[PDB]
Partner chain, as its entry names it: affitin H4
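Here you get one chain, nothing else, as structure tokens; it is the form deposited without its partner chain.
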């Protein structure tokens, strides 16, 4: 499913992401935009052989099991395919564990490179929340 900017903001808020660990809804929406372009089905293979899945591009080496990443820790205890669903609950629950991992949202390279330090409020501007 390809989310709309405001529809995603509302779904993330409903799932308790707004200001989770101090990160605004704008940070999370900005991260989804640049990680997957709001597409729940996005996947990207990495050179180390691992693969990133979903709207938040969660990596298979540590967070989910895709059956083809040797040395996977599967810290979110879920098959990576569960992260591509139209319902974002699994992606949200796993992201909460990642963001609490000690490095905050810096774990998402697109957020660090494209959202961090920018007017992230623009991402939820105009939305009925």
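Residue numbers count along the first chain shown, from 1.
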| item | value |
| --- | --- |
| Between 71-79 and 57-65 (mean CA B-factor, as deposited), the higher | 71-79 |
| Of 41-49 and 26-34, the stretch whose C-alpha atoms average the higher B-factor in the entry | 41-49 |
| Record-listed C-alpha B factor of residue 106: chain third | lowest |
| Relative C-alpha B-factor of residue 9, binned into the chain's lowest, middle or highest third | lowest |
| CA B-factor placement of residue 112, once the chain's modelled residues are sorted into thirds | middle |
